[PDB]
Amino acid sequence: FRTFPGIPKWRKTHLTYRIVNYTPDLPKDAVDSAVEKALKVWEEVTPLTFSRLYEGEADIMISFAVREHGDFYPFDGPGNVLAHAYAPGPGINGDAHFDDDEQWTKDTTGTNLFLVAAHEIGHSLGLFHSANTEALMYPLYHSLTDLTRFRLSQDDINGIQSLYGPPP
């Protein structure tokens, strides 16, 4: 696995997130679930905990957008870049943005929001890209035949634990 240069990481174990807005593709509940599951993935292997906020600034601000969306990294329309997030830190750092120009499905027929959310969150916590192809943190998304066979690789776990340690 690889972490970001300088090894930036949250200096606290309890992070707040806030789904700023939703995609029209899925009902609010399918979106909420996808992100709770997303975070749960990391919560299970570290001493990290998360609480949701509806107002103000959360550590991880989550939102769906297209093309120019208020940052130095515009989305590219359909395909290619699906979403992007920022390594741990203040302000925009830690936030995750999802290209709403994709078709967010809750399965593998389009772009699965659960998986993408899971990968991007890996970035919000300090994990960069892995060279292992079976690792969630691998550079490219790929159509999983099964969402029921998904699990973090020992690599993704090794990495997150090297940063926040194992769960107490």
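Note that residue numbering follows the sequence shown and begins at 1.
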Of 89-97 vs 73-81, the stretch with the larger average CA B-factor in the entry is 73-81
Residue stretch of maximal mean CA temperature factor, 60-68 vs 136-144
136-144
Highest recorded C-alpha temperature factor, please, choosing from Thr49, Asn112, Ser130, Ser124.
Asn112
Taking the entry's C-alpha B-factors for this chain, is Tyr164 in the lowest, middle or highest third?
middle
Could you say whether, by C-alpha temperature factor, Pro5 belongs to the lowest, middle or highest third of its chain?
highest
Please rank the C-alpha B-factors of the chain's modelled residues and tell me whether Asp155 sits in the lowest, middle or highest third.
lowest
